[PDB]
>>> print(open('structure20.tsv').read())   # TSV, C-alpha atoms
chain	number	residue	atom	x	y	z
A	123	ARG	CA	136.17	59.32	118.35
A	124	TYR	CA	132.61	58.29	117.34
A	125	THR	CA	131.34	60.80	114.68
A	126	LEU	CA	128.12	61.35	112.72
A	127	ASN	CA	127.58	63.23	109.45
A	128	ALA	CA	125.13	66.15	109.03
A	129	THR	CA	121.99	65.82	106.93
A	130	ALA	CA	120.79	68.55	104.60
A	131	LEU	CA	117.31	69.60	103.43
A	150	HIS	CA	122.26	66.43	130.94
A	151	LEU	CA	123.35	66.36	127.24
A	152	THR	CA	123.05	68.65	124.15
A	153	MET	CA	123.14	67.42	120.51
A	154	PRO	CA	124.70	69.73	117.89
A	155	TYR	CA	123.08	69.97	114.45
A	156	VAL	CA	125.35	71.28	111.83
A	157	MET	CA	124.62	73.00	108.53
A	158	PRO	CA	125.01	72.79	105.60
A	159	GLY	CA	124.43	68.99	105.11
A	160	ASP	CA	127.21	66.61	104.00
A	161	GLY	CA	127.95	66.90	100.27
A	162	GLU	CA	125.69	69.89	99.71
A	163	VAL	CA	126.59	72.54	97.16
A	164	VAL	CA	125.80	76.04	98.61
A	165	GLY	CA	126.02	79.68	97.41
A	166	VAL	CA	128.73	82.15	98.31
A	167	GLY	CA	126.83	83.70	101.29
A	168	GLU	CA	126.31	80.40	103.14
A	169	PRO	CA	127.54	80.46	106.63
A	170	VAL	CA	128.52	77.40	108.65
A	171	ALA	CA	125.92	76.98	111.27
A	172	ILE	CA	125.86	74.93	114.42
A	173	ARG	CA	122.65	74.74	116.45
A	174	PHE	CA	122.45	72.98	119.78
A	175	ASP	CA	119.24	71.68	121.24
A	176	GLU	CA	120.03	73.31	124.64
A	177	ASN	CA	121.14	76.82	125.62
A	178	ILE	CA	124.91	77.00	125.79
A	179	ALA	CA	126.46	78.61	128.93
A	180	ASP	CA	130.05	78.32	127.77
A	181	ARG	CA	130.24	79.75	124.28
A	182	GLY	CA	134.03	79.93	124.33
A	183	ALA	CA	134.03	76.21	124.88
A	184	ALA	CA	131.54	75.45	122.07
A	185	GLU	CA	133.68	77.48	119.73
A	186	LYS	CA	136.78	75.67	120.88
A	187	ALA	CA	135.31	72.27	120.09
A	188	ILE	CA	134.54	73.27	116.49
A	189	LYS	CA	137.20	73.00	113.86
A	190	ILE	CA	136.71	74.32	110.39
A	191	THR	CA	139.02	73.76	107.41
A	192	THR	CA	138.74	75.51	104.08
A	193	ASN	CA	140.55	74.91	100.76
A	194	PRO	CA	141.59	77.41	99.50
A	195	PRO	CA	142.10	78.50	103.11
A	196	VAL	CA	140.35	81.67	104.23
A	197	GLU	CA	140.15	83.34	107.62
A	198	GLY	CA	136.81	83.20	109.42
A	199	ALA	CA	135.16	83.63	112.80
A	200	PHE	CA	132.23	82.72	114.99
A	201	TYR	CA	129.22	84.85	115.97
A	202	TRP	CA	126.22	83.73	117.97
A	203	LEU	CA	122.69	84.61	116.88
A	204	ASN	CA	121.05	83.42	119.99
A	205	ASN	CA	121.88	81.15	122.91
A	206	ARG	CA	121.70	77.91	121.01
A	207	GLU	CA	123.10	78.81	117.60
A	208	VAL	CA	126.50	79.79	116.39
A	209	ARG	CA	127.60	80.86	112.88
A	210	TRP	CA	130.92	80.98	111.12
A	211	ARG	CA	131.78	82.75	107.97
A	212	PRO	CA	134.66	84.55	106.29
A	213	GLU	CA	134.84	88.36	105.94
A	214	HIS	CA	133.83	88.27	102.30
A	215	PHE	CA	131.58	85.98	100.30
A	216	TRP	CA	133.20	82.53	99.74
A	217	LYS	CA	135.10	81.86	96.50
A	218	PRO	CA	133.31	79.50	94.06
A	219	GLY	CA	134.90	76.00	94.38
A	220	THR	CA	135.98	76.25	98.05
A	221	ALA	CA	135.64	73.00	100.04
A	222	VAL	CA	134.75	73.27	103.65
A	223	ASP	CA	135.04	70.61	106.35
A	224	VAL	CA	133.56	71.12	109.74
A	225	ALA	CA	134.31	68.94	112.75
A	226	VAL	CA	132.18	69.52	115.81
A	227	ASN	CA	134.17	67.73	118.50
A	228	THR	CA	131.81	68.14	121.36
A	229	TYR	CA	131.23	64.63	122.81
A	230	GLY	CA	131.62	65.04	126.56
A	231	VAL	CA	132.85	68.67	126.30
A	232	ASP	CA	131.84	70.77	129.33
A	233	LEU	CA	129.54	73.40	127.83
A	234	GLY	CA	128.82	75.32	131.12
A	235	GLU	CA	126.23	74.98	133.91
A	236	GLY	CA	126.29	71.15	133.83
A	237	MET	CA	125.50	70.50	130.10
A	238	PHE	CA	127.83	68.42	127.93
A	239	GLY	CA	128.02	67.55	124.25
A	240	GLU	CA	126.03	64.37	123.46
A	241	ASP	CA	128.16	63.50	120.40
A	242	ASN	CA	130.46	64.59	117.61
A	243	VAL	CA	129.14	65.70	114.21
A	244	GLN	CA	130.88	66.37	110.92
A	245	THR	CA	130.01	67.76	107.50
A	246	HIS	CA	131.78	68.44	104.20
A	247	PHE	CA	130.34	70.85	101.63
A	248	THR	CA	131.34	72.89	98.64
A	249	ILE	CA	130.73	76.32	97.29
A	250	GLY	CA	128.99	76.59	93.86
A	251	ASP	CA	128.64	79.46	91.39
A	252	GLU	CA	128.52	83.11	92.68
A	253	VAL	CA	124.84	84.08	92.40
A	254	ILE	CA	123.91	87.60	93.54
A	255	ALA	CA	120.57	89.15	92.83
A	256	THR	CA	120.28	92.94	93.55
A	257	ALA	CA	116.80	94.56	93.91
A	258	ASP	CA	117.11	98.32	93.53
A	259	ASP	CA	114.17	100.29	94.69
A	260	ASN	CA	115.10	103.15	92.30
A	261	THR	CA	114.46	100.89	89.24
A	262	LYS	CA	112.24	98.19	90.78
A	263	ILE	CA	114.28	95.67	88.95
A	264	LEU	CA	115.72	92.56	90.57
A	265	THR	CA	118.84	91.80	88.47
A	266	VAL	CA	120.39	88.34	88.82
A	267	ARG	CA	124.14	88.03	88.38
A	268	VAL	CA	125.81	84.61	87.87
A	269	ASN	CA	129.60	84.84	88.15
A	270	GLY	CA	129.38	88.62	87.49
A	271	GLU	CA	127.31	88.33	84.35
A	272	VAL	CA	123.75	89.50	84.20
A	273	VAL	CA	121.56	86.56	83.23
A	274	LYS	CA	118.08	87.83	84.33
A	275	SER	CA	116.29	91.17	84.86
A	276	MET	CA	113.04	90.97	86.76
A	277	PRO	CA	110.56	93.83	87.33
A	278	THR	CA	109.63	93.57	90.97
A	279	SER	CA	107.16	95.08	93.42
A	280	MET	CA	108.54	95.24	96.99
A	281	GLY	CA	107.01	96.34	100.28
A	282	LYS	CA	104.75	99.38	100.22
A	283	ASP	CA	105.84	102.48	102.22
A	284	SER	CA	103.81	101.47	105.25
A	285	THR	CA	105.25	97.80	105.21
A	286	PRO	CA	108.62	98.27	103.52
A	287	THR	CA	111.26	95.83	102.56
A	288	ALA	CA	114.43	96.20	104.61
A	289	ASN	CA	117.64	97.11	102.78
A	290	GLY	CA	120.59	94.73	103.11
A	291	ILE	CA	122.21	91.40	102.24
A	292	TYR	CA	119.88	88.43	102.45
A	293	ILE	CA	120.94	84.76	102.23
A	294	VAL	CA	118.69	82.37	100.23
A	295	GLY	CA	117.24	79.71	102.59
A	296	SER	CA	114.42	77.22	101.81
A	297	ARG	CA	112.35	76.96	98.65
A	298	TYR	CA	108.71	75.91	98.24
A	299	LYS	CA	106.72	75.10	95.15
A	300	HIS	CA	103.56	76.24	97.03
A	301	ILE	CA	103.03	77.45	100.56
A	302	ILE	CA	100.85	79.72	102.61
A	303	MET	CA	102.51	82.77	104.07
A	304	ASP	CA	100.58	83.71	107.27
A	305	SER	CA	101.25	87.01	109.10
A	306	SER	CA	100.40	85.53	112.49
A	307	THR	CA	103.63	83.59	112.29
A	308	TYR	CA	105.31	87.03	112.90
A	309	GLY	CA	102.81	88.30	115.43
A	310	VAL	CA	100.56	90.29	113.01
A	311	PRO	CA	97.02	89.03	113.15
A	312	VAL	CA	95.53	87.97	109.84
A	313	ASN	CA	92.55	90.23	110.48
A	314	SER	CA	94.59	93.40	111.02
A	315	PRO	CA	95.52	96.04	108.37
A	316	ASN	CA	98.97	94.52	107.65
A	317	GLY	CA	97.75	90.95	108.04
A	318	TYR	CA	97.53	88.21	105.42
A	319	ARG	CA	97.12	84.52	104.81
A	320	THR	CA	98.28	84.10	101.25
A	321	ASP	CA	98.80	81.03	98.96
A	322	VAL	CA	101.83	81.59	96.80
A	323	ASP	CA	103.81	79.67	94.18
A	324	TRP	CA	107.51	79.39	93.60
A	325	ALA	CA	108.47	80.96	96.92
A	326	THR	CA	112.14	81.34	97.77
A	327	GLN	CA	112.78	82.30	101.36
A	328	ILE	CA	115.38	85.00	102.08
A	329	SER	CA	114.76	86.06	105.67
A	330	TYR	CA	113.50	84.37	108.80
A	331	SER	CA	111.40	87.49	109.26
A	332	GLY	CA	109.25	86.48	106.24
A	333	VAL	CA	110.73	87.99	103.15
A	334	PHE	CA	110.51	85.76	100.02
A	335	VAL	CA	111.04	86.14	96.38
A	336	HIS	CA	107.84	84.56	95.00
A	337	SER	CA	105.22	84.48	92.24
A	338	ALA	CA	102.72	87.41	92.41
A	339	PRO	CA	100.35	87.44	89.46
A	340	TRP	CA	98.29	89.89	91.43
A	341	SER	CA	100.93	92.61	91.11
A	342	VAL	CA	102.31	92.14	87.58
A	343	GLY	CA	100.90	95.54	86.64
A	344	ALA	CA	102.76	97.14	89.55
A	345	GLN	CA	105.98	95.16	89.20
A	346	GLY	CA	108.65	97.46	87.85
A	347	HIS	CA	106.64	100.54	88.94
A	348	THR	CA	105.07	100.54	92.41
A	349	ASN	CA	105.62	98.77	95.72
A	350	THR	CA	102.52	96.87	96.88
A	351	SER	CA	103.61	93.96	99.05
A	352	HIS	CA	104.10	93.43	102.76
A	353	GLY	CA	107.81	93.08	102.43
A	354	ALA	CA	108.33	90.22	99.99
A	355	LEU	CA	109.83	90.63	96.52
A	356	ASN	CA	106.86	90.10	94.16
A	357	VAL	CA	107.87	88.94	90.67
A	358	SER	CA	105.94	87.38	87.77
A	359	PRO	CA	104.93	83.72	87.87
A	360	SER	CA	107.57	82.70	85.30
A	361	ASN	CA	110.37	84.85	86.79
A	362	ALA	CA	109.56	83.35	90.28
A	363	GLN	CA	109.77	79.82	88.86
A	364	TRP	CA	113.04	80.65	87.16
A	365	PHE	CA	114.44	82.04	90.42
A	366	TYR	CA	113.26	78.95	92.29
A	367	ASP	CA	114.88	76.65	89.66
A	368	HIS	CA	118.22	78.42	89.44
A	369	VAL	CA	119.02	79.47	93.02
A	370	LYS	CA	120.26	77.31	95.97
A	371	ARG	CA	120.79	77.75	99.71
A	372	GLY	CA	123.47	80.38	100.23
A	373	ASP	CA	123.02	82.59	97.19
A	374	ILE	CA	122.64	86.29	97.84
A	375	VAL	CA	119.75	88.73	97.38
A	376	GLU	CA	120.82	92.29	98.05
A	377	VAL	CA	118.18	94.94	98.56
A	378	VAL	CA	119.09	98.65	97.98
A	379	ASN	CA	117.47	102.12	98.23
A	380	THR	CA	114.15	101.32	99.85
A	381	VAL	CA	112.62	103.52	102.48
A	382	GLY	CA	113.04	100.71	104.98
A	383	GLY	CA	115.80	100.04	107.47
A	384	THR	CA	118.54	97.34	107.37
A	385	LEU	CA	117.78	93.61	107.82
A	386	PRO	CA	118.97	92.65	111.33
A	387	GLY	CA	122.31	90.83	111.51
A	388	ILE	CA	120.71	88.18	113.75
A	389	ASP	CA	117.61	87.45	111.60
A	390	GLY	CA	118.74	83.92	110.68
A	391	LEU	CA	119.76	84.89	107.13
A	392	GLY	CA	120.98	88.43	107.87
A	393	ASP	CA	124.56	87.39	108.81
A	394	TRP	CA	126.30	89.51	106.24
A	395	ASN	CA	124.80	92.78	107.60
A	396	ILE	CA	127.08	92.60	110.66
A	397	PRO	CA	130.32	94.47	109.86
A	398	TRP	CA	133.54	92.37	109.85
A	399	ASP	CA	135.02	94.15	112.97
A	400	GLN	CA	131.93	93.40	114.93
A	401	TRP	CA	131.73	89.78	113.62
A	402	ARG	CA	135.43	88.90	114.10
A	403	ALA	CA	135.39	90.15	117.67
A	404	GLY	CA	132.55	87.73	118.30
A	405	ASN	CA	130.24	87.62	121.32
A	406	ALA	CA	131.34	84.59	123.32
A	407	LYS	CA	132.26	86.63	126.56
>>> encode(input="structure20.tsv", output="structure tokens")
Amino acid sequence: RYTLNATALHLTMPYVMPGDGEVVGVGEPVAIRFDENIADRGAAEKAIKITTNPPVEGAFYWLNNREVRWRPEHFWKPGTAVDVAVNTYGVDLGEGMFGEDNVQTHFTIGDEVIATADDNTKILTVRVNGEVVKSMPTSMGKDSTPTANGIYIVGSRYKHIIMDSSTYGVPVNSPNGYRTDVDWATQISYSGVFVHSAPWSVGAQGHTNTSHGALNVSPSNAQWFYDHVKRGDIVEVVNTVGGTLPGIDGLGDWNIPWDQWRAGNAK
């Protein structure tokens, strides 16, 4: 066995996440992405060994043809150590593709951090280990561009970026379009939901939905969120007029019910 360690923040290479040594929130799934479509999912799954301490049952579910996820039924317990061994060098992955190499990661679970945005109150309340530490008035998506309900996993964080609607196939020039500079942006869905600084809606925050989907908070609440949250923490959205965040968004994993997840989709 030749093995490489994951980094954090013909043949197919696997890329595994989270990165070696990282500390992640309780909603962080193990993710393995290949750089080629995988014909034999059962075989990919087979080559991947996951060990947890304390041990917990878990299962694989694919989000697309090159990316598989693994998580338990419930959010991880703070302190859990997770080792992932992706033993795919030379494994037959279907239709004449094989694993280029083995990859490995070890990571741990940090504090339980769950922020719930309730559209009835327009408050985003942040809970650390079950205690309320922050209450943020928020302004979520307006009725015609609502914020989906559901469990979102915190992904990347950016001190400043531009959010551009054309990335999701909505032209900047159209009624729902935008090309917006924002501060203290914490990503929570691949479909473009962030918690981020919105000084332009402080009057509305706590009262009225005015965004395109994102969770607008005040500049200093956004900075606080950005400073205190990590990959894998949970934002839960409730009681909006929207639908439910898709299970296969990229950070929507926890919206798929356990039965459906467990049973998998390897064929």
>>> closest_atom_pairs(input="structure20.tsv", of="range 172-210 of chain A", to="range 231-251 of chain A", cutoff="12 Å", atoms="only C-alpha atoms", output="CSV")
residue,atom,partner,partner_atom,distance
A:172,CA,A:243,CA,9.8
A:173,CA,A:243,CA,11.4
A:174,CA,A:239,CA,9.0
A:175,CA,A:239,CA,10.2
A:176,CA,A:237,CA,8.2
A:177,CA,A:237,CA,8.9
A:178,CA,A:233,CA,6.2
A:179,CA,A:234,CA,4.6
A:180,CA,A:234,CA,4.7
A:181,CA,A:233,CA,7.3
A:182,CA,A:233,CA,8.7
A:183,CA,A:233,CA,6.1
A:184,CA,A:233,CA,6.4
A:185,CA,A:233,CA,10.0
A:186,CA,A:231,CA,9.7
A:187,CA,A:231,CA,7.6
A:188,CA,A:243,CA,9.6
A:189,CA,A:244,CA,9.6
A:190,CA,A:245,CA,9.8
A:191,CA,A:246,CA,9.5
A:192,CA,A:248,CA,9.6
A:193,CA,A:248,CA,9.7
A:194,CA,A:249,CA,11.1
A:205,CA,A:233,CA,12.0
A:206,CA,A:233,CA,11.3
>>> closest_residue(input="structure20.tsv", among="A:260, A:389, A:167, A:352", to="residue 372 in chain A", atoms="only C-alpha atoms")
A:167
>>> atom_distance(input="structure20.tsv", atom1="CA of residue 163 in chain A", atom2="CA of residue 357 in chain A")
25.7 Å
>>> closest_residue(input="structure20.tsv", among="A:390, A:343, A:311, A:353", to="residue 171 in chain A", atoms="all atoms listed in the file")
A:390
>>> axis_aligned_box(input="structure20.tsv", around="range 349-366 of chain A", padding_each_side="5 Å", output="lines of an AutoDock Vina configuration file")
center_x = 108.5
center_y = 88.9
center_z = 94.0
size_x = 21.9
size_y = 29.8
size_z = 27.5
>>> residues_near_point(input="structure20.tsv", point="(136.7, 86.9, 110.8)", cutoff="7 Å", atoms="all atoms listed in the file", output="list in words")
residues 197, 198, 199, 212, 213, 398, 401 and 402 of chain A
>>> closest_residue(input="structure20.tsv", among="A:356, A:370, A:274, A:403", to="residue 165 in chain A", atoms="only C-alpha atoms")
A:370
>>> atom_distance(input="structure20.tsv", atom1="CA of residue 150 in chain A", atom2="CA of residue 227 in chain A")
17.3 Å
